[PDB]
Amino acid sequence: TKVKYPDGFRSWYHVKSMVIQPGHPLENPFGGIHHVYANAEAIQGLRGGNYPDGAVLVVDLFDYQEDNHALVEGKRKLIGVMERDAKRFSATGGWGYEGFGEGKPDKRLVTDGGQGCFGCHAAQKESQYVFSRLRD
């Protein structure tokens, strides 16, 4: 009942990106440039299907440096991972919630079995707990 580290996530479908700057309510700790990645299974959910067991969403969070009016990606801060399993992750609405510090499998960030993650993602129950929207 631990989220598997999503090996190869970096080769998945890039869903969207956002910059969270200092002053954002979520600055600690989602401050930075982030990219959302979906595996094949998660794409079915993003396209308007039911999220199937084995869907994985990853949010990939980088530091950035403001250099002469460019924001330039620096070090990877962490990844967030949502792993679909309606049974095993039933306590958090069928998604397993995990963080990996610097995107390393040995740096698990989640210490409450994902209740805090779920507490915010709950606001999106009607879109199956996923904020990101597919775009061209």
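A residue's number is simply how far along the shown sequence it sits, counting from 1.
- Comparing the deposited coordinates for 122-130 and 14-22, the stretch with the larger average C-alpha B-factor is 122-130.
- The maximum CA B-factor among the listed residues 110, 36, 71, 61, taken from the PDB record, is found at 110.
- Among the modelled residues of its chain, residue 88 has a C-alpha B-factor that falls in the highest third according to the deposited record.
- Remark: residue 45 belongs to the middle third of its chain, ranked by C-alpha B-factor as recorded.
- For residue 53, the recorded CA B-factor ranks within the lowest third of the chain. Only modelled residues enter the ranking.
- The entry lists a Cα temperature factor for residue 94 that places it in the middle third of the chain's modelled residues.
- Among all modelled residues in its chain, residue 104 ranks in the highest third by Cα B-factor.
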